[PDB]
Amino acid sequence: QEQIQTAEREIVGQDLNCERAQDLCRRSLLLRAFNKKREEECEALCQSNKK
Amino acid sequence: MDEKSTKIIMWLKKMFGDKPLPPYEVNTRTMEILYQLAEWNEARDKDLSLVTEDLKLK
Amino acid sequence: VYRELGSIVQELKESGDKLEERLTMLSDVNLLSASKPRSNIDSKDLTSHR
Amino acid sequence: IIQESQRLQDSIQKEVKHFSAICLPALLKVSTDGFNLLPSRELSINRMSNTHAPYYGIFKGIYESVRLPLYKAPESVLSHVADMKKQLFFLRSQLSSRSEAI
Amino acid sequence: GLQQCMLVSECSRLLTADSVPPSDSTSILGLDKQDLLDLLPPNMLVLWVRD
């Protein structure tokens, strides 16, 4: 029963690492959307500078 | 003694509501048993009310 | 010349104002991950109070 | 133009630095009564069970103290404590009986 | 395709204060639900992932 409770604690510790990898994926997607929106604004300023 | 007796009569009125209180032998022992029962029920009803209101929130 | 320069300042200013509104939002203490738990139970925490 | 250009200088790098400090779960709003959007992190079910809540370490200490298993439903906490109080009252009665019998 | 569909829908919910009228809500990174829909797979790939 001690061996079972030790291995149960190790399984719960692994669920915590999967959520961190998902937070990184969400941040990386939001920052990609943000980079695209800032490229469009930079292209608008480049047109104003050509004028 | 008079405070325990008032608490029991009040509690019994609350439990029986509009039903007439049955006559019973009023002595030291029956009042002690009724007093413990009244304290235990008041404590349990408070605890149950807190659980019921948390279950509604949840 | 005046009309084109005015458009460029208007666009820069609108972009500046929207940046300052976003920076004020992103600085809200409620959104920060490093918010140490309050030592006192919040009055809105009905379950912890019960 | 010099003044407004200086406000926008390093704008991307300012926003990214502020965004890095934010807790994404704090943005996730839920409506209980149709009208009030509360952050999901403020729901008592999530404060008590979510591994990313700042209160998780405190509620873990409470669950260990009350001997409630971490796999249990967070709504079972008040009902479990009420049954522990029932058990304390029973043991008090039992000890009183046994001391009177002795 | 499945990971992208889930990430876009999760991130779309982080931006949407669905009940606040659109004029007054500062969005995070200035991103709208539309800016994330562009990061979604081609509509043919989405339908195929769902089936």
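Residues numbered from 1 in each chain as written, not as in the entry; some residues may be left out. Chains lettered and ligands numbered in written order. Part of a larger assembly, values for the part shown. Heavy atoms only, no water.

If you check the header, you'll see the entry was determined by cryo-EM and the resolution is listed as 6.88 Å.

Asker: Even after reading the chapter, I still don't get the arrangement of the chains, so can you show me in this structure?
Answerer: The assembly contains eight pairs of chains in contact; the pair sharing the most contacts is chains C and D. With respect to C-alpha atoms, chain A approaches chain B no nearer than 24 Å, and the pair has no contact. At the C-alpha level, the nearest point of chain B lies 22 Å from chain E, with no contact between them. (Contact = heavy atoms within 4.5 Å.)

Asker: Would you explain the packing of helix α1 (residues 2-26) of chain C against helix α2 (residues 11-20) of chain D in this entry?
Answerer: Each pair of packed helices can be described by the angle between their axes along with the distance between the axes. Between α1(C) and α2(D), the least distance of the axes is 9 Å, while the angle of their chain directions is 20 degrees. Classified by the angle their axes make, α1(C) and α2(D) are roughly parallel. For α1(C) against α2(D), the interelement crossing comes out left-handed. Between α1(C) and α2(D), the residues in contact are C:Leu19, C:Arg22, C:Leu23 and C:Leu26 and D:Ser11, D:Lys14, D:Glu15 and D:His18, respectively. Of the residues in the contact of α1(C) with α2(D), the class split is three nonpolar, two polar and three charged. (Axes fitted to C-alpha atoms, helices over the stretch in contact; angles between N-to-C directions. Helix = DSSP H or I, 4+ residues; strand = E, 2+ residues; numbered from the N terminus. Parallel < 35°, antiparallel > 145°, perpendicular 65-115°, else oblique. Left-handed = near helix turned anticlockwise from the far one by under 90°. Nonpolar A, V, L, I, M, F, W, Y, C, P; charged D, E, K, R; others polar.)

Asker: How should the packing of aromatic side chains be read in this particular structure?
Answerer: Tallied over the full model, the rule gives one aromatic pair over all chains. Judged by centre distance (6.0 Å) and plane angle (20 degrees), the ring pair of B:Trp40 and D:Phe89 falls under stacked. Here B:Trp40 is found in helix α2 (residues 28-57), whereas its partner D:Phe89 is found in helix α5 (residues 77-101) on a different chain. For B:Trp40, a relative accessible area of 36% translates into the label partly exposed. In this structure, B:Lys4 packs its charged tip against the face of B:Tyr35, placed 4.4 Å from the ring centre. (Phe/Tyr/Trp six-rings, centres within 6.5 Å; stacked < 30°, edge-to-face > 60°. Buried < 20%, exposed > 50% of the residue type's maximum accessible area, 1.4 Å probe, protein only. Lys NZ or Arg CZ within 6 Å of the ring centre and 35° of its normal.)

Asker: How should the interface of chain D and chain C be read in this particular structure?
Answerer: As a measure of interface size, the accessible area lost when the parts come together is often cited. At the interface, 22 residues of chain D touch 25 residues of chain C. Together chain D and chain C conceal approximately 2200 Å² of surface at their shared face, both sides included; 66% is due to carbon and sulfur atoms. Our enumeration of links across chain D and chain C arrives at four salt bridges. For the side of chain D that touches chain C, the secondary structure elements donating two or more residues are α1 (2-8), α2, α3 (44-49) and α4 (56-65) of chain D. In terms of residues, the side of chain D that touches chain C owes the most to one element, α2(D), which gives four residues. (Buried area = accessible area lost by both parts, 1.4 Å probe. Salt bridge = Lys/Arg side-chain N within 4 Å of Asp/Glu carboxyl O.)

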